[PDB]
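One structure is given here, and the rest of the page talks about it.
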Amino acid sequence: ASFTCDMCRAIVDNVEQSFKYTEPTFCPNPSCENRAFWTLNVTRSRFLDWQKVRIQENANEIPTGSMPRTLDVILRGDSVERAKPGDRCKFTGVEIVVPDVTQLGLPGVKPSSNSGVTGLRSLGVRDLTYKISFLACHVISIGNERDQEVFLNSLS
Amino acid sequence: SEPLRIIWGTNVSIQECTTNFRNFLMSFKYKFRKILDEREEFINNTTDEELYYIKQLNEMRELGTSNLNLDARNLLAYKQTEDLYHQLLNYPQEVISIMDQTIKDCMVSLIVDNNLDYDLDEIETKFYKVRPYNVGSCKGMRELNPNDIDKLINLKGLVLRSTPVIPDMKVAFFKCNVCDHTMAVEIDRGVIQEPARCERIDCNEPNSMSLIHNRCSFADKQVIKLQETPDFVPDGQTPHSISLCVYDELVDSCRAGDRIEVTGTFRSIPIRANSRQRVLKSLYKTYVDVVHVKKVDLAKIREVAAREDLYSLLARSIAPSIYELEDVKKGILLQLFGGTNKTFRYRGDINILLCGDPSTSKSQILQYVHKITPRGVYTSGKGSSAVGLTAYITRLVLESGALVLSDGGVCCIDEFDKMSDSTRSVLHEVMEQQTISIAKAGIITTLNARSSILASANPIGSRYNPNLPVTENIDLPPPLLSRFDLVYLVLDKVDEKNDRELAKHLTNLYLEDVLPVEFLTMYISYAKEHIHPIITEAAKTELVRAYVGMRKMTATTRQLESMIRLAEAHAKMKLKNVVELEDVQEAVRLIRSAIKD
Amino acid sequence: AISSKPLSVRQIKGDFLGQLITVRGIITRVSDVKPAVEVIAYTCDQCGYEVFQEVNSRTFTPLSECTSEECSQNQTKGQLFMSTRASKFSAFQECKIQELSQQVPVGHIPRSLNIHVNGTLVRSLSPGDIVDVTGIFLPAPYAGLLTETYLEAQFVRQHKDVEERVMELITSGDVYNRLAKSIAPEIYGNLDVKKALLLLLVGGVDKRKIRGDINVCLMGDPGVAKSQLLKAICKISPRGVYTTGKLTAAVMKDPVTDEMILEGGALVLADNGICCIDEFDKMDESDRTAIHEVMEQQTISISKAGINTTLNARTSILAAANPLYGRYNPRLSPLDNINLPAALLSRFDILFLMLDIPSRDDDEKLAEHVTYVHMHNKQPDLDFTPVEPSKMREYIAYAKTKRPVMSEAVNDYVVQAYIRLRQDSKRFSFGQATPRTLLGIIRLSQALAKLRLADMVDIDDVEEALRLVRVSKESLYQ
DNA sequence: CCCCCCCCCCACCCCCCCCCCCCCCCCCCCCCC
DNA sequence: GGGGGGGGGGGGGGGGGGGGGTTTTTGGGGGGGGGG
Ligand SMILES: [Zn+2]
Ligand SMILES: [Zn+2]
Ligand SMILES: [Zn+2]
């Protein structure tokens, strides 16, 4: 992310992002008085392709026909949209906690309303909770090109 | 002159508690428990002089595993520890932490006192847990009251559902924004003890530490909803339920529908009026914080496999309470064994139907095979008493029907004549392909049912007419009826030479107390585990000539495929690894009996 | 005098707030017991000296900074942490009382009131209790000036030896006849039906399974008014339940709160008891399959919402069913007259077709009986003295536990009687003899043997059980 | 076997918080003993 | 040469201001069952 201050035209840049939309706390200009009044520079900042996909336990792997357990997988960049609804897939990547970003404090959002953890200064009186999600860096499926060249030139 | 470490509110010394537990966790002998319990004369030194918990810790350490089960009555059997039982019941978390630490100290001290070499670093790295159980009477969920609010209790009930695993933070991980220094903070009573200033005195910036969520260390928590068992309810009101919290390797100790016991500390906590405020409601949520959970051979196998009368012996043993229907019993035994699978699909299922008069033993026969089979089901051809035959989409979720639930087991269907037409169509692809095709809500799959069906069907009206064919008596259509390997008729036609002996056999059950009825399931299990028959080359010619014989007499290849599967099942019986000529001959003979109906 | 008077809920005007009043009603629902705080106790980490907060309100705010002078006089901002062990909780329970059907004025909704009960008085109230509760009628702020209001309970008044006292009836004698007549004593005749209905309560003998349950269906006209007979014997049994076909178990979530529960149906309430299925011909297929599983396995299964179970249902089924087109034609089959399927009817141990036949004899007696009830507001004198329900429960329990053994003489006789019956079966109707009817004869004669408190079953018991079966079979034709 | 029916499922005060101002405390520097 | 006093900076506390806080009917499609 990258932000320009409201009361002076100076720019903060390469601002790393937490799970909440993260804005700078101090102005880099030693003259300036600003804290927390900013405009995001959409052109200088960099986004990434992002896609959540929900997966459920394989039908042939459930032990006695009870409910399948589910998980949220995040795909990013070149790996997005390789999944498909009803496809059977193998992913690899990072098992991660994702906080309740509303409870963590968020611009323009009133917080949400299991016992969380509290005392952290950002929360004040609030208590933070976490989902598990899987940040997948790679995907494959495990469950018409009608021109001669585009077919032949893929073969061994 | 020195400080004392006390269990707060009790004046119990933790050194005393520690040593009282140690001198039982080592040097206890199992003989003492029989002194406490009934039948004390069953003490036997050659089995009961064992240092029981030294034995447990040795097997546990060879497995490297963290958990010890502890029947709490064993504390009351031992003189230096009977007081520790009361401290365990009344002040459980402190005593349990002390017991955990003592187990770890016993593991450490054993590899330097018994002094065999071991990875001390492994034990140092590992946590250890005691699991006390059988703490006391299983007092009712409805009987709990606020005196219990910190005691170790015992409950019994039914699991309705459980959450997925919930990550519970055990150590927060903080990083300094300015200087990138990092420090670990243990979570204390659920509260993050945030550092206000950076630890490094050469930096010491205020408010600069930030929490790095995915570098924290998390324990596993799970919440499970336990319903009051209908054994305990008063008749005129709903059952209660209690939420229970369960942690680490005790996660997924049980699943939906399990009847269980739990031993756990009864706990309570306040809950908020609104998340943006500290304000708490004046009456607490209650839950139980569990520490133990519990539900609710080859020599003889080979010896019996040597017998010559084994086919008849096992067949009569499936239902010896039922008067003679012996070819039905033989067919159902062969169905229990089943054929074999192959990769390329052709599979080991065998399928049977019983028709004839309604008021006869066929229902009991279905019940007995249901009791015998490891993972089968009982159902009837239509409707749903919260259990139905077909897979079905409902709220959005796919539910698996009784056929699909009977994967790898016998599916017993009564009222098979009165079955509904959509179900009659659905049976074709499980009969042929052992699957059912699903194509809704973005999910497409052939849901594999892999079940042998034992059907029970009836004539139209009160009586079967044997002067008319099966298709004329029965409701269900011939192409479905054709798929069954063996099809049988059981009839109530009067004959005193049968009826009198049936009645005497039936009535004698009220007076009387070879029939390996309880060994039958073990024989079936080991046969299905170990034996995978292949067809002998001579048995090819036997199958071909038998098939062409019955073809010269309206057969189809389905009959030949059936004879193959029955011969393979006949070879699992007697634990024979290759199908013999006699196996083909009996499969042929029994099918020749069946196809004549 | 005001605490003495039993007000209805709508008579509790706002003027009674703060006063100790007594309210008369029926408890419509009750909460599970929960711990309310009286005094919260806080440990202090940085001085050890605990501090306390008394709570007088629906909500409270937790303390943080240590107010104790051990900290405060040293200006040490130590931290307070709540402790359950040192806190005084009190048992709390919320109930709701509703005014009775006689208290509701014409055309009004029955009004209701929250009851808060604390301390030892907890779980003195059950749903369905009709009760006088004394308490302090009080407000609670949430509306603005409108108040929530409740009754702080103070006192409860409910509106509603055997192993030797049973010998009173044993020595009094003629026990089977008199106890049979005592089922619905005002109901004329049908003493064969009443004699069969008793053998549900005492049951047969179970053995390793062989089953003790006995099942009966009361078919035929609705003008016999069989529902009252089901009501009567339901009240006799110590564990039974009355129901309508208009039964299956289900995961009946969202009962009051949006909340998970499994509903065991009436067939599970009737575990080790009688399920009285009125309007039996009207039931739907889910209930038909439920009845099928309990009548065969004595279980009812679930495969729903991930829950996969079998609930215990060792239950005896008493059923009553009525014909299509209002009135039964005797020349036609029960299968022609009634909606039920034949395979299900075959599983009952006794089948009684109690028709209603007009009669210059019977109708005068029924008319005089009914008109006596209208003219004197009570039933006429019975020409005999009945046994009351709680007193016959002594006998029924004594007969239940005194299970007999079979005898060789009875074995030979039941075989011979059964074969005699199979000769008539060789011919009409579904009422022919089967192995299940032989099991019925055995179970019913065992029930008679239990009723006479014997150690063995008798050919006397067999011939009476056979008479009941034969009478029931003949009832299917008239 | 075909068509029609009918059944099912679905849509204004109080607390937390943040900012601003004032005073006090602690350190450093300079002078005095 | 060390200790006291004066002066300046920095931190903490207190006060003040502000903002937030489910059944019942109607219509439609699809599936299942019954009658000619
Ligand atoms: Zn700026
Ligand atoms: Zn730092
Ligand atoms: Zn303190």
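Would you work out the charge dipole size for the protein assembly as shown about its Cα centre, treating the Cβ of every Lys and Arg as +1 and the Cβ of every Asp and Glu as -1, and quote it to the nearest 20 debye?
Details: 149 positive and 160 negative charges, 425 e Å.
Dipole of the protein assembly as shown, to the nearest 20 debye: 2040 debye.
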Q: Give me the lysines in straight-line cross-link reach of residue B:281: C-alpha distance below 18 Å, same-chain residues under 8 apart excluded.
A: C:34, C:88
(Q) With +1 on the Cβ of every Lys and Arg and -1 on the Cβ of every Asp and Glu, and nothing else charged, how large is the dipole of chain B about its Cα centre, in debye rounded to the nearest 20? (A) 1700 debye
Q: Report the one residue of A:19, A:2, A:48 whose Cα lies farthest in the direction of the positive end of the charge dipole of segment A:1-48 (charges on C-beta: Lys and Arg +1, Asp and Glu -1; origin at the Cα centre).
A: A:48
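Take each of the peptides C:412-422, B:326-336, C:75-85, average the number of other beta-carbon atoms within 10 Å over its residues, and list them starting from the highest. Before the final figure, lay out the partial values.
Working: C:412-422: 18.2, B:326-336: 22.0, C:75-85: 15.5.
Going from most to least packed, we get B:326-336, C:412-422, C:75-85.
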(Q) Restricting to bridges with both residues inside the protein assembly as shown, how much of the DSSP beta-bridge set is antiparallel, in percent to the nearest 5? (A) 70 percent
Q.
Students often check this: by mean Cβ neighbours within 10 Å, which of A:126-139, C:46-59 ranks highest, and how do the rest follow?
A. A:126-139, C:46-59
(Q) Quick check: Cα centre of segment C:159-238 to Cα centre of segment B:1-29, how many Å? (A) 63 Å
Q: Before rounding to the nearest 500, sum -39500 (n - 2.57) across all DSSP H runs of length at least 4 in chain C and divide by the residue total; then give [θ] at 222 nm in deg cm²/dmol.
A: -9500 deg cm²/dmol
Q: Using a cut-off of 11 Å between beta-carbons, work out the net charge of the residues near residue C:230 (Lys and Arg +1, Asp and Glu -1, residue C:230 not included).
A: +1
Q.
Which residue, C:108, C:90, C:64, has the largest displacement toward the positive end of the dipole of segment C:10-121 when charges sit on each Cβ (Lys, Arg +1; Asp, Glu -1)?
A. C:108
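I want the local charge near residue C:421. Using Cβ-Cβ distances under 14 Å, sum +1 for each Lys or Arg and -1 for each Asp or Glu among the other residues. Don't skip to the answer; put the middle values down first.
Details: positive: B:500, C:420, C:422, C:426, C:427, C:436, C:467, C:470, C:473; negative: B:492, B:496, B:499, C:424, C:463, C:474.
With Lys, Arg at +1 and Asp, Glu at -1, the neighbours total +3.
Which percent, to the nearest 5, of DSSP beta bridges fully inside segment B:357-496 are antiparallel?
Working: 10 of 18 bridges.
About 55 percent, rounded to the nearest 5.
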(Q) Just checking the output field for C:442-449: average partner chain Cβ neighbours within 10 Å of each residue's Cβ? (A) 1
Q | Members of B:294/B:329; B:418/C:246; B:285/C:231; C:246/C:473; C:282/C:400 lying beyond 30 Å, as alpha-carbon distances in this model show | A | B:294/B:329; B:285/C:231; C:282/C:400
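Average partner chain C-beta neighbours within 10 Å, per residue of C:293-306?
Details: counts 6, 1, 0, 7, 4, 0, 1, 3, 7, 5, 15, 8, 10, 15.
Mean shielding by partner chains, rounded to a whole number: 6.
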Q: List the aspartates and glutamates whose Cα lies under 14 Å from the Cα of residue B:540, skipping any in the same chain that are fewer than 8 positions away.
A: B:561, B:568, B:580, B:582, B:583
(Q) Cβ neighbours within 10 Å, averaged per peptide: list C:259-267, C:131-139, C:365-373, B:376-384 in order, most packed at the top. (A) B:376-384, C:259-267, C:131-139, C:365-373
Q | Between segment B:221-266 and segment B:88-103, the Cα center-to-center distance that results, in Å | A | 23 Å
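Of the DSSP beta bridges with both residues in chain B, give the percent that are antiparallel, rounding to the nearest 5. Could the numbers behind the result be given before it?
Values: 57 of 82 bridges.
Of those bridges, close to 70 percent are antiparallel.
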Q | Mean-position separation - Cα centroids, segment B:326-391 and segment C:450-465, in angstrom | A | 39 Å
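Please state the relative contact order of segment A:1-48 as a whole percent: Cα pairs under 8 Å, 6+ residues apart?
Values: 74 pairs, mean separation 21.6, N = 48.
With pairs under 8 Å counted, the relative contact order is 45 percent.
Sorting C:126, A:66 on the 10 Å Cβ count, fewest up front, what's the list? Could the numbers behind the result be given before it?
Details: C:126 14, A:66 18.
Arranged by neighbour count, lowest to highest, C:126, A:66 become C:126, A:66.
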Q.
If you take every residue apart from residue C:299 with its C-beta less than 10 Å away from the C-beta of residue C:299, what net charge results, scoring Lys and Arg +1 and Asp and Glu -1?
A. -2
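Virtual Cβ from ideal backbone geometry, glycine too; neighbours counted across all protein chains shown. Each value in this text was obtained by applying a stated rule to the coordinates, not by laboratory testing.
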